[PDB]
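For reference, the structure discussed in these notes is given below.
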């Protein structure tokens, strides 16, 4: 039997491999459901100082 | 005021602790595991946080 082990680094860094989901244009100044490369959350998106 | 604030800050810090789950972040487990088995991970956090 041929065997493969798919090891993943789930430790945080910028995105380098990703599953087949399409991206979309980003909303600001409104409450939105949001994801960045698996960083799923819910809230208002705004420019940082 | 110091005792009130240290107890509040500890209640907040214990959101980050693992209690023996595969992540402490609930939304990690909700992305990475299917419901039939994710519930065995999340119970650790519900019990730990409670």
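Chains as they are written, first to last, in UniProt numbering: chain S, 508 to 556; chain G, 952 to 1001.
We treat Cβ as the ideally placed atom computed from N, Cα and C, and that holds for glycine.
- Identification of chain G residues near residue 547 (chain S) by a Cβ-Cβ cut-off of 9 Å yields 978, 979, 981 and 982, ordered along the chain.
- Listed in chain order, the alpha helix (DSSP H) runs fully inside the region 955–998 of chain G are 977–983, counting runs of at least 4 residues.
- Between the region 522–541 of chain S and the region 960–976 of chain G, the count of Cβ pairs shorter than 8 Å is below three; the stretches do not touch.
- In this structure, DSSP gives residue 540 (chain S) an extended state, which the three-state scheme calls strand.
- Residue 996 (chain G) counts as buried, since at least 16 other C-beta atoms from the protein chains shown sit within 10 angstroms of its C-beta.
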